[PDB]
Amino acid sequence: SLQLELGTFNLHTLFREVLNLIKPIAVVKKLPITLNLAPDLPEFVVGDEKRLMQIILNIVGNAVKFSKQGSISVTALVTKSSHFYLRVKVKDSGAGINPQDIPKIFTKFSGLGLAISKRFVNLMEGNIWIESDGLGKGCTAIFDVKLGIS
Ligand SMILES: Nc1ncnc2c1ncn2[C@@H]1O[C@H](COP(=O)(O)OP(=O)(O)O)[C@@H](O)[C@H]1O
Ligand SMILES: [Cl-]
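Before we go on, may I ask you to explain the pairing of strand β7 (residues 140–149) in this structure?
Along any regular strand the residues' side chains alternate between the sheet's two faces. With eight of its 10 residues buried, β7 lies for the most part within the structure. Sheet topology places strand β3 (residues 44–47) next to β7; two bridges connect them, and they run antiparallel. Looking across to β7, one finds that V45 is bridged to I149. In this sheet, β7 lies alongside strand β5 (residues 83–91) in antiparallel orientation, the contact comprising nine bridges. Looking at β7, one finds that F84 is bridged to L147. Sheet analysis places strand β6 (residues 127–131) next to β7, joined by five bridges and oriented antiparallel. If you follow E131 over to β7, its bridge partner there is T140.

Laid out in structure tokens, this is it:
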């Protein structure tokens, strides 16, 4: 039933906007957070801005929410496979995630963010997953989504 709503927007600006919403909260929790955009990351793109924003906001937001100390990095780059694949990696410094808990992370229902993000990523012909090296190692949430180049 779901359908992409396409328009042209500045992808770089979208990342800075997300960081601007999250930063004051990171500051209160004393979690340094960094954004890195690859030198070849397209600027003006065609895609569904409000759905892309929802995905990035919930994953970056989760990093802040579930981290008690340490830093967070948000990295945006291109996955080579007109269109391209945007990759976003969000690495936090949480307590880590047990292997048994990862396969059910998109279906854990308290909490709706990742379930919604998964549908949006699927709409953009993409892939999303979370991984953790275990105790004390935080986790990385990663997604690839297809976007048009303006
Ligand atoms: N960055 C993260 N660090 C640790 N656990 C996470 C992270 N992101 C998601 N999770 C786990 O996945 C579950 C589902 O997350 P989400 O769908 O965003 O819902 P919510 O944040 O409301 O719980 C969370 O409750 C949590 O157990
Ligand atoms: Cl974690």
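Even after reading the chapter, I still don't get the site of ligand 1, so can you show me in this structure?
Around ligand 1, the surrounding shell holds 15 residues, and the nearest of these are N62, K65, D92, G111 and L114. Within the side chain of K108, an N or O atom sits 3.2 Å from an oxygen atom of ligand 1. Contact between ligand 1 and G113: an oxygen atom at 3.4 Å from a main-chain N or O atom of the residue. Burial of ligand 1 by the surrounding chains reaches 83%, relative to a free accessible area of 530 Å². In terms of residue count, helix α2 (residues 49–66) provides more of the shell around ligand 1 than any other element does, five residues in total. The residue makeup of the shell around ligand 1, split by class, is seven nonpolar, five polar and three charged.

Which parts of the structure should I look at to understand the pattern of salt bridges?
Pairs can form between side chains of opposite charge whenever their charged atoms are close. Throughout the structure, instances matching the rule amount to six salt bridges. Its salt-bridge partner being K80, residue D40 comes within 2.9 Å of it at the nearest N-O pair. In this pair, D40 sits in the loop between β2 (33–37) and β3 while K80 sits in the loop between β4 (72–79) and β5, placing the two residues 40 residues apart along the sequence. Residue class for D40 comes out partly exposed when judged on its relative accessible area of 41%.

What should I look at first to understand the nonpolar core in this one?
Across soluble globular proteins, nonpolar side chains show a tendency to be buried alongside one another. Counting 42 residues, the largest nonpolar core has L11, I33, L52, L86 and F143 as its most contacted members. The set of elements that each furnish at least two residues to this core consists of α1 (11–29), α2, β4, β5, α3 (113–123), β6 and β7. Setting aside chain neighbours within four positions, we find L11 in contact with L41, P42, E43, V45, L52, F84, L86 and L147.

For this particular structure, what's the right way to read α2?
In this model α2 runs 26 Å from its N-terminal to its C-terminal C-alpha over 18 residues, within 8% of the 26 Å that 1.5 Å per residue would give. Every buried residue belonging to α2 is among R51, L52, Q54, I55, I56, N58, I59, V60, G61, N62, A63 and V64, and all of these are buried.

The rules behind each value
- Residues numbered from 1 in each chain as written, not as in the entry; some residues may be left out.
- Chains lettered and ligands numbered in written order.
- Heavy atoms only, no water.
- Buried < 20%, exposed > 50% of the residue type's maximum accessible area, 1.4 Å probe, protein only.
- Helix = DSSP H or I, 4+ residues; strand = E, 2+ residues; numbered from the N terminus.
- Pairing = 2+ DSSP bridges.
- Near = heavy atom within 4 Å.
- Polar contact = N/O pair within 3.5 Å; in protein donor to acceptor, adjacent residues only side chain to side chain.
- Areas by Shrake-Rupley, 256 points an atom, 1.4 Å probe, with all protein chains shown as cover.
- Nonpolar A, V, L, I, M, F, W, Y, C, P; charged D, E, K, R; others polar.
- Salt bridge = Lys/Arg side-chain N within 4 Å of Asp/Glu carboxyl O.
- Core = buried A, V, L, I, M, F, W, Y, C linked by side-chain atoms within 4.5 Å.
- Contact = heavy atoms within 4.5 Å.
- Expected span 1.5 Å × (residues − 1).

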